[PDB]
Amino acid sequence: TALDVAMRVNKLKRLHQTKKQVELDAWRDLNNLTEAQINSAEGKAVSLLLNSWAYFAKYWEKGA
RNA sequence: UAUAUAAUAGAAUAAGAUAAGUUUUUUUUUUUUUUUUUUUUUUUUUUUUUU
């Protein structure tokens, strides 16, 4: 589901906050999501993914 | 070993038309003019009585 990947990416982002190439990790999870998970995900997971997305994209090489 | 906090100000002063919701004597006083009645006075005519 989406809640578990959201929590794992949140933990990885928090550990990053407290880093070389680590941004590749927890970015594969964002590329992991399929539609069927999204059509039934709750809003808590969505907010977590959005926050993690922004925090990662602060330092991404190219694109977002 | 944590995912999260939030607060500063000031003024004294007025325009103005909408086709609407009562009615319950009429009379008193003063003056002038005309008409009618009564009383008083004067003049004329007629009749009666007295000198």
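Observations
- For the pair A:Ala64 and A:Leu33 in one chain, pulling the backbone fully straight at 0.36 nm per residue adds 9.6 nm over the alpha carbon distance.
- Peptides A:6-13, A:25-32, A:56-63 ranked from most to least packed, by the mean per-residue count of other Cβ atoms within 10 Å: A:6-13, A:25-32, A:56-63.
- Spin-label model distance (nm) - A:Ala57 vs A:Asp25, 7 Å beyond Cα toward Cβ: 2.4
- Chain A, helix-only ellipticity at 222 nm - DSSP H runs n ≥ 4, -39,500 (n - 2.57), divided by all residues, nearest 500: -17500 deg cm²/dmol
Here Cβ is always computed from backbone atoms with ideal geometry, including for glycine, and neighbour counts include all displayed protein chains. Each reported figure results from applying straightforward, stated rules to the coordinates on display, with no laboratory input.
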